[PDB]
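Shown below, as structure tokens, is a lone chain in the form deposited in one PDB entry; questions about how it binds or moves come after it.
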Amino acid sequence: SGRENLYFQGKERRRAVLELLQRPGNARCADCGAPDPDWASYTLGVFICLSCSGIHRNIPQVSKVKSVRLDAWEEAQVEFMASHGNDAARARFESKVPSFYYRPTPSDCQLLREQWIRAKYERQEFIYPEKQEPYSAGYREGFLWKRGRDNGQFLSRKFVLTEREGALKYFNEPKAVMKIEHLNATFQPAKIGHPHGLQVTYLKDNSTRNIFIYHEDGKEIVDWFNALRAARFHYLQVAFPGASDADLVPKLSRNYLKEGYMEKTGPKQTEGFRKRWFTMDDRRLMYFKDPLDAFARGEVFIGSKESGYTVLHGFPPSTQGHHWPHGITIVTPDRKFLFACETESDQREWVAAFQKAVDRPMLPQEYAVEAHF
């Protein structure tokens, strides 16, 4: 007779709420992919993580959120979640997401995660694809705040990204014409000192230039970032014909595997140790006196073990003059580099980044790159 009573009725209601999290399609946050989302937008019908729920809470005309475990649910609300959910959302709100569009993860800055949510649910850019034209048309112009090479100041400059000319250019007759093949971009809000800060890099003469820009409008800077990825995508299809689209997407733009301060010495190993900001981009290791420098003090190619590159914990017994005690030795065919890290946790992370590069076979295109150093 237990089935006939009000306690059973309630237990079934409670089980129905929790059951929605045990469907495979709802195993990860709809927006950033974090595992085991505990929150739901009951107007959009998605299951999202605590962090994403806060972003949603901030578009209250579109999304209302509450906890699947801790808040009360009306029957109709549970039935709404059950008829929607994360797979449904993917088919609706991610119906027409361009292959080049950057999909954020929990590690990404607030700007990326917020604008992903706004593009999907607020602006509905992937439901109504004409809204994608600002960054999908192969031409984009606009003004951005650009840091001076050496002067610390941000000034308004017109940028033009033109796939037809194969370049990003800007004017201060352009001041610079930067070929797409040599461009990368990564959001760096903490380094730049602005939440919408984007770092754009350009390789010429085997020397990387850092350009540091922002826009007051978060949508506009993220649209520049994705426009640059679109341009990169079209360039790569041309340089690598018969590479699949999926093959190309990881190459469109590259976040840095690691950055941070280390001390280094010179080619003799006796010169004295100097603090530098290091950035590891794929196989290119760049070191700067300051992170916002336009140019590196030096750049090192980290090739594969098949070409005689290796990485070791520690320093040789000879070594003197350093004061951070956690050493890393990089052996290249031409030079032994000695870097010192302030902590063991950082040493471990640096060795792991260098080891990943050494352990991976070189790609065809990387042989000519190596040749330039």
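Here, rigid core means the biggest group of C-alpha atoms that superpose within 1.5 Å across both forms. Residue numbers run from 1 along the displayed sequence.
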property: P98 not built in a third or more of the other entries; result: no
property: Other entries lacking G266, at least a third; result: yes
property: Interval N206-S207, deposited residues with no coordinates in the entry (none, 1 to 3, 4 to 9, 10 or more); result: none
property: Stretch exceeding the other in mean C-alpha B-factor - 239 to 247, 180 to 188; result: 239 to 247
property: Stretch with the higher entry mean CA B-factor, where the candidates are 25 to 33 and 306 to 314; result: 306 to 314
property: Candidate set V160, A72, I127, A119 [ranked by C-alpha B-factor, highest]; result: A72
property: Of the residues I213, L285, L257, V78, the one carrying the largest Cα B-factor as recorded; result: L257
property: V200 CA temperature factor, ranked by third within the chain; result: lowest
property: Chain thirds of CA B-factor: placement of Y42; result: middle
property: Third assignment of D290 from its chain's C-alpha B-factors; result: middle
property: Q110 by Cα B-factor - lowest, middle or highest third of the modelled chain; result: highest
property: Chain third (lowest, middle, highest) by recorded CA B-factor, residue given as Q61; result: highest
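Keep in mind the form deposited in another entry is missing from the figure; the text below concerns it.
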item: Rigid core superposition between this form and the one not shown: residue from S51, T43, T319, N58 with Cα shift of 2 Å or more; value: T319
item: Threshold 2 Å Cα movement between this form and the one not shown for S307, core superposed; value: yes
item: Core-superposed comparison between this form and the one not shown, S67 Cα displacement 2 Å or beyond; value: no
